[PDB]
Amino acid sequence: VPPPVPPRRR
Amino acid sequence: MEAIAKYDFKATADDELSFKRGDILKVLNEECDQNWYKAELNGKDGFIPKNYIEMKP
């Protein structure tokens, strides 16, 4: 079960 | 940087691109997000999460 992806908004 | 996918990832946006668990990527740029790398695959270039790959610069 791959990781929770980061929020792609700086 | 020799980028290597640890997991299978399907993009979430137009700026991002997909890779399958084990692709060899080419990191052309990184100068903003400490979460997204702009690498190369499949004749395209896009953002990929740093937690879905094992980095080896």
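Positions of Cβ are generated from backbone atoms using ideal geometry, with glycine treated the same way; all protein chains shown enter the neighbour counts. No lab work stands behind these numbers, since they all come straight from the coordinates.
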Out of all the residues in the stretch B:5-54, which are on the phi < 0 side of the Ramachandran plot and more than 14 Å from chain A (Cβ to nearest Cβ)?
B:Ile24, B:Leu25, B:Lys26, B:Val27, B:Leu28, B:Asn29, B:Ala39, B:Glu40, B:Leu41, B:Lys44, B:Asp45
Here the residues within the stretch B:1-32 that are of a type in the set (A, V, I, L, M, F, W, C) and part of a loop (DSSP other than H, G, I, E, B) are B:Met1, B:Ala11, B:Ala13, B:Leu17, B:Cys32
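Name the single residue that is farthest from B:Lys6 (Cα to Cα) among those in the stretch B:33-56 being among the small types (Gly, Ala, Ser) and not in a loop (DSSP other than H, G, I, E, B).
Taking the candidates together, the pick is B:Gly46.
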Among the residues of the stretch B:33-41, is there at least one that is farther than 14 Å from A:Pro6 by Cα and surrounded by fewer than 16 Cβ atoms within 10 Å (Cβ to Cβ)?
no
Output the residues belonging to chain B that are in contact with a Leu (Cβ under 9 Å, 6 or more places away or on another chain) and among the basic types (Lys, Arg).
B:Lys26, B:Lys38, B:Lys44
